[PDB]
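S.K.: Let me give you the structure first, and then I'll get to my questions.
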There are 4 protein chains.
Amino acid sequence: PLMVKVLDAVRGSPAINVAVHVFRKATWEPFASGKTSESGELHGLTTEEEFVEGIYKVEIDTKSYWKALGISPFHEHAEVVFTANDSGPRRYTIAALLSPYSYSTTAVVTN
Amino acid sequence: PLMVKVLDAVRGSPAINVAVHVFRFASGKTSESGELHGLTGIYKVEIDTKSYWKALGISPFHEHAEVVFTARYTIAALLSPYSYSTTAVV
Amino acid sequence: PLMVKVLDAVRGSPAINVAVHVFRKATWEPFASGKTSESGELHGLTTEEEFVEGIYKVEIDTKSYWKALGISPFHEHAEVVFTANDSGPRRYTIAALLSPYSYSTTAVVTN
Amino acid sequence: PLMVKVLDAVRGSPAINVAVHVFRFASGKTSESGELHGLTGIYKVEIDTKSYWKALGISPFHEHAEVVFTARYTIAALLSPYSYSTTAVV
Ligand SMILES: O=C(O)c1ccc(-c2cccnc2)cc1
Ligand SMILES: O=C(O)c1ccc(-c2cccnc2)cc1
Ligand SMILES: [Ca+2]
Ligand SMILES: [Ca+2]
């Protein structure tokens with residue numbers, strides 16, 4: 001139900017081993033977290049049972065990622081905050097593209 | 001020293017009258033050119049994209065666009081209903 | 001060796017049935033073309049045998065796509081032009097994100 | 001009526017002295033603020049991103065950024081070595 005995919009615009013590659021923290025609005029309660037794979041993807045964050053309606057924030061730790069590659073980051077993280085499952089359960093993929101001074105995110109939502 | 005600019009990728013225009021709150025702090029609403037001047041460590045710029053889309057009658061994915069960075073800075077955000085990108089020019 | 005993936009930022013979905021034309025620099029010679037799947041992906045454009053070094057242009061037909069959905073497009077197409085395989089064969093994925101008045105593309109290149 | 005603006009997403013700055021050729025037509029190189037004024041159906045704006053990156057000592061993926069559209073227009077391009085995004089504001 002919640003997938004994150006991250007690409008690196010500086011290296012021309014997936015963004016590998018990037019930390020992703022998901023929080024749910026209670027204050028922001030920790031909900032789920034993970035690290036992207038060698039494909040830049042993070043599956044297994046959560047389950048249909050755990051993924052309730054509410055306001056979720058996904059924070060992708062772009063600062064650590066760039067610092068580990070030896071690159072100066074501008075942002076602390078790339079984030080996405082969205083209301084989930086309000087009219088019914090859905091599946092969300094958050095796709096992100098990273099550069100040191102810019103990031104882009106989009107959502108794909110399926111029923 | 002800190003400017004915010006907001007653009008609409010659907011209609012190809014500035015995003016007018018968008019609420020922008022800066023934390024660490026400053027706030028405003030965007031002008032007819034999509035810019036917010038005169039707002040004024042680690043800063044958060046929270047752009048009320050949900051109200052912008054809903055005024056247009058478009059269902060948007062995000063609650064807001066929040067951009068968090070360490071500190072003359074221009075923070076631009078390009079909006080679509082299910083995406084946003086943001087840039088810093090310094 | 002050459003994959004294209006396309007997402008729609010207006011609908012929150014893959015960009016389905018979008019035409020993609022690839023040309024190689026001779027004038028631009030037709031090289032390969034296809035349409036994205038229900039996942040927004042286009043596999044099977046070309047083969048390791050056919051994919052030689054050279055300058056390639058990938059043109060994604062964003063105008064037809066938006067017109068078919070009833071949306072006014074600004075661009076004629078989203079394009080990407082790049083030198084391929086110069087220091088050796090590689091695999092290229094071109095990922096694109098579409099809005100009516102904007103598009104983004106990135107490349108993932110693997111050996 | 002037609003402005004071009006080019007920004008660098010790696011260094012967080014305008015892209016200075018970039019060659020831009022418009023077809024249908026006009027050409028120029030970007031200024032210290034990354035803008036090209038005074039350039040002046042279907043138009044192509046070809047931005048020489050490869051020369052920009054190679055002057056910085058960075059190997060870039062694209063040959064150029066070419067943006068083709070049907071026609072006051074601002075065409076912005078945000079550059080990274082393996083990506084570019086482009087916006088039209090009208
Ligand atoms: O289909 C995909 O895997 C995929 C497609 C496009 C992106 C993408 C492109 C540009 C900006 N942001 C995200 C990311 C992933
Ligand atoms: O200053 C501007 O006009 C301007 C600033 C930023 C962008 C932009 C942002 C994200 C992706 N692509 C382009 C575009 C234009
Ligand atoms: Ca509900
Ligand atoms: Ca060679």
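Here, A, B, ... name the chains of the structure tokens in the order displayed, residue numbers run from 1 inside each chain, and ligands are numbered from 1 in the same displayed order.
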Mind fitting chain C to chain A by least squares on all Cα atoms in order and giving back the moved coordinates as a PDB file with C-alpha atoms, in the first residue's frame?
M.R.:
```pdb
ATOM      1  CA  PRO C   1       0.000   0.000   0.000  1.00  0.00           C
ATOM      2  CA  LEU C   2       2.855   2.545   0.368  1.00  0.00           C
ATOM      3  CA  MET C   3       5.969   2.389  -1.912  1.00  0.00           C
ATOM      4  CA  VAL C   4       8.738   4.939  -2.364  1.00  0.00           C
ATOM      5  CA  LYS C   5      11.125   5.126  -5.346  1.00  0.00           C
ATOM      6  CA  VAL C   6      14.045   7.534  -5.479  1.00  0.00           C
ATOM      7  CA  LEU C   7      16.410   8.555  -8.290  1.00  0.00           C
ATOM      8  CA  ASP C   8      19.646  10.582  -8.242  1.00  0.00           C
ATOM      9  CA  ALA C   9      19.952  13.263 -10.947  1.00  0.00           C
ATOM     10  CA  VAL C  10      23.644  13.903 -10.235  1.00  0.00           C
ATOM     11  CA  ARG C  11      24.911  10.342 -10.730  1.00  0.00           C
ATOM     12  CA  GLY C  12      22.322   9.054 -13.180  1.00  0.00           C
ATOM     13  CA  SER C  13      21.302   6.204 -10.902  1.00  0.00           C
ATOM     14  CA  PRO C  14      18.834   5.014  -8.383  1.00  0.00           C
ATOM     15  CA  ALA C  15      19.244   6.581  -4.989  1.00  0.00           C
ATOM     16  CA  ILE C  16      20.504   3.623  -2.979  1.00  0.00           C
ATOM     17  CA  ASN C  17      20.386   3.173   0.785  1.00  0.00           C
ATOM     18  CA  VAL C  18      18.424   6.390   1.382  1.00  0.00           C
ATOM     19  CA  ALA C  19      16.536   6.516   4.708  1.00  0.00           C
ATOM     20  CA  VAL C  20      12.784   7.156   4.480  1.00  0.00           C
ATOM     21  CA  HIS C  21      10.703   7.936   7.609  1.00  0.00           C
ATOM     22  CA  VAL C  22       6.935   7.959   7.505  1.00  0.00           C
ATOM     23  CA  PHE C  23       4.917   9.658  10.240  1.00  0.00           C
ATOM     24  CA  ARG C  24       1.189   9.902  10.872  1.00  0.00           C
ATOM     25  CA  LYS C  25      -0.539  12.985  12.329  1.00  0.00           C
ATOM     26  CA  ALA C  26      -1.773  12.403  15.965  1.00  0.00           C
ATOM     27  CA  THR C  27       2.074  15.878  16.599  1.00  0.00           C
ATOM     28  CA  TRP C  28       3.788  13.546  14.082  1.00  0.00           C
ATOM     29  CA  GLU C  29       3.772   9.943  15.323  1.00  0.00           C
ATOM     30  CA  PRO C  30       6.297   7.535  13.923  1.00  0.00           C
ATOM     31  CA  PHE C  31       4.490   5.146  11.530  1.00  0.00           C
ATOM     32  CA  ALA C  32       7.060   3.206   9.421  1.00  0.00           C
ATOM     33  CA  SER C  33      10.554   3.588   8.078  1.00  0.00           C
ATOM     34  CA  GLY C  34      12.996   1.861   5.762  1.00  0.00           C
ATOM     35  CA  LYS C  35      15.909   2.335   3.352  1.00  0.00           C
ATOM     36  CA  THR C  36      15.767   2.198  -0.451  1.00  0.00           C
ATOM     37  CA  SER C  37      17.230  -0.904  -2.210  1.00  0.00           C
ATOM     38  CA  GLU C  38      19.820  -1.120  -4.930  1.00  0.00           C
ATOM     39  CA  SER C  39      16.966  -0.280  -7.355  1.00  0.00           C
ATOM     40  CA  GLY C  40      16.073   2.865  -5.330  1.00  0.00           C
ATOM     41  CA  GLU C  41      12.837   1.318  -4.150  1.00  0.00           C
ATOM     42  CA  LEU C  42      11.433   0.763  -0.754  1.00  0.00           C
ATOM     43  CA  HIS C  43       8.768  -1.914  -0.387  1.00  0.00           C
ATOM     44  CA  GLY C  44       7.492  -3.355   2.854  1.00  0.00           C
ATOM     45  CA  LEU C  45       6.971  -0.123   4.769  1.00  0.00           C
ATOM     46  CA  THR C  46       3.536  -1.045   5.974  1.00  0.00           C
ATOM     47  CA  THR C  47       0.589  -3.358   5.506  1.00  0.00           C
ATOM     48  CA  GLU C  48      -3.076  -2.903   4.586  1.00  0.00           C
ATOM     49  CA  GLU C  49      -3.900  -3.601   8.210  1.00  0.00           C
ATOM     50  CA  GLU C  50      -1.585  -0.983   9.663  1.00  0.00           C
ATOM     51  CA  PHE C  51      -2.259   1.709   6.953  1.00  0.00           C
ATOM     52  CA  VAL C  52      -5.287   3.621   8.190  1.00  0.00           C
ATOM     53  CA  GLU C  53      -6.724   6.863   7.032  1.00  0.00           C
ATOM     54  CA  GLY C  54      -4.961  10.007   8.250  1.00  0.00           C
ATOM     55  CA  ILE C  55      -2.409  12.597   7.340  1.00  0.00           C
ATOM     56  CA  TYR C  56       0.997  11.074   6.514  1.00  0.00           C
ATOM     57  CA  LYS C  57       4.381  12.649   6.059  1.00  0.00           C
ATOM     58  CA  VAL C  58       7.087  10.868   4.189  1.00  0.00           C
ATOM     59  CA  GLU C  59      10.539  12.290   4.856  1.00  0.00           C
ATOM     60  CA  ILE C  60      13.326  11.154   2.620  1.00  0.00           C
ATOM     61  CA  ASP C  61      16.778  11.778   4.267  1.00  0.00           C
ATOM     62  CA  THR C  62      18.412  13.508   1.316  1.00  0.00           C
ATOM     63  CA  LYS C  63      20.979  15.253   3.515  1.00  0.00           C
ATOM     64  CA  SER C  64      22.691  12.061   4.660  1.00  0.00           C
ATOM     65  CA  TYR C  65      22.595  10.660   1.203  1.00  0.00           C
ATOM     66  CA  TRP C  66      24.453  13.578  -0.393  1.00  0.00           C
ATOM     67  CA  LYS C  67      26.890  13.909   2.519  1.00  0.00           C
ATOM     68  CA  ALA C  68      27.792  10.164   2.163  1.00  0.00           C
ATOM     69  CA  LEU C  69      28.514  10.702  -1.598  1.00  0.00           C
ATOM     70  CA  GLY C  70      30.569  13.799  -0.806  1.00  0.00           C
ATOM     71  CA  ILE C  71      28.181  16.318  -2.152  1.00  0.00           C
ATOM     72  CA  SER C  72      26.876  19.530  -0.414  1.00  0.00           C
ATOM     73  CA  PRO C  73      23.067  19.303   0.107  1.00  0.00           C
ATOM     74  CA  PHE C  74      20.771  22.279   0.454  1.00  0.00           C
ATOM     75  CA  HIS C  75      17.655  20.596   1.848  1.00  0.00           C
ATOM     76  CA  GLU C  76      17.374  18.783   5.106  1.00  0.00           C
ATOM     77  CA  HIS C  77      15.090  16.224   3.462  1.00  0.00           C
ATOM     78  CA  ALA C  78      12.558  15.839   0.700  1.00  0.00           C
ATOM     79  CA  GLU C  79       9.056  15.499   2.073  1.00  0.00           C
ATOM     80  CA  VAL C  80       5.620  14.688   1.099  1.00  0.00           C
ATOM     81  CA  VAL C  81       2.587  15.278   3.311  1.00  0.00           C
ATOM     82  CA  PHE C  82      -0.818  13.897   2.195  1.00  0.00           C
ATOM     83  CA  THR C  83      -4.214  12.667   3.439  1.00  0.00           C
ATOM     84  CA  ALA C  84      -4.423   8.923   2.827  1.00  0.00           C
ATOM     85  CA  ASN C  85      -7.449   6.539   2.387  1.00  0.00           C
ATOM     86  CA  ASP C  86     -10.158   9.171   3.080  1.00  0.00           C
ATOM     87  CA  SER C  87     -12.673   7.857   0.484  1.00  0.00           C
ATOM     88  CA  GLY C  88     -11.413   4.251   0.717  1.00  0.00           C
ATOM     89  CA  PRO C  89      -8.141   2.309   0.869  1.00  0.00           C
ATOM     90  CA  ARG C  90      -5.750   3.045  -1.945  1.00  0.00           C
ATOM     91  CA  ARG C  91      -2.169   2.225  -2.866  1.00  0.00           C
ATOM     92  CA  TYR C  92       0.368   5.041  -3.010  1.00  0.00           C
ATOM     93  CA  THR C  93       3.725   5.196  -4.702  1.00  0.00           C
ATOM     94  CA  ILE C  94       5.799   8.257  -3.951  1.00  0.00           C
ATOM     95  CA  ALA C  95       8.492   8.806  -6.680  1.00  0.00           C
ATOM     96  CA  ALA C  96      11.221  11.310  -5.957  1.00  0.00           C
ATOM     97  CA  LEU C  97      14.030  12.811  -7.982  1.00  0.00           C
ATOM     98  CA  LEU C  98      16.954  14.307  -6.138  1.00  0.00           C
ATOM     99  CA  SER C  99      19.566  16.994  -6.838  1.00  0.00           C
ATOM    100  CA  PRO C 100      21.565  18.865  -4.318  1.00  0.00           C
ATOM    101  CA  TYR C 101      19.538  22.077  -4.532  1.00  0.00           C
ATOM    102  CA  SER C 102      16.282  20.664  -5.875  1.00  0.00           C
ATOM    103  CA  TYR C 103      13.907  17.839  -5.504  1.00  0.00           C
ATOM    104  CA  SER C 104      10.752  16.671  -7.175  1.00  0.00           C
ATOM    105  CA  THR C 105       8.132  14.323  -5.963  1.00  0.00           C
ATOM    106  CA  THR C 106       5.054  12.770  -7.527  1.00  0.00           C
ATOM    107  CA  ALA C 107       2.363  10.388  -6.405  1.00  0.00           C
ATOM    108  CA  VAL C 108       0.821   7.460  -8.221  1.00  0.00           C
ATOM    109  CA  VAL C 109      -2.414   6.399  -6.576  1.00  0.00           C
ATOM    110  CA  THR C 110      -4.280   3.181  -7.481  1.00  0.00           C
ATOM    111  CA  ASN C 111      -7.440   1.752  -5.967  1.00  0.00           C
TER     112      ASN C 111
END
```
S.K.: Skip segment 67-77 of chain B itself and residues of its chain fewer than 4 positions away, then list as an NGL selection string all residues within 9 Å of it, counting only C-alpha atoms.
M.R.: (:A and (73-79)) or (:B and (1-8 or 35 or 41-47 or 84-90))
S.K.: Any chance you could list, as an MDAnalysis selection string, the residues in chain A that come up strand (DSSP E) when DSSP is run on the backbone?
M.R.: chainID A and resid 2:8 13:14 19:25 28:35 41:42 54:60 75:84 91:99 102:110
S.K.: I'd like the neighbourhood of residue 19 of chain D as a PyMOL selection string, where a residue qualifies if any of its atoms comes within 8 Å (using only C-alpha atoms), though same-chain residues fewer than 4 positions away should be ignored.
M.R.: chain D and resi 27-30+47-48
S.K.: Any idea what the distance is between atom CA of residue 60 of chain B and atom CA of residue 38 of chain B?
M.R.: 28.1 Å
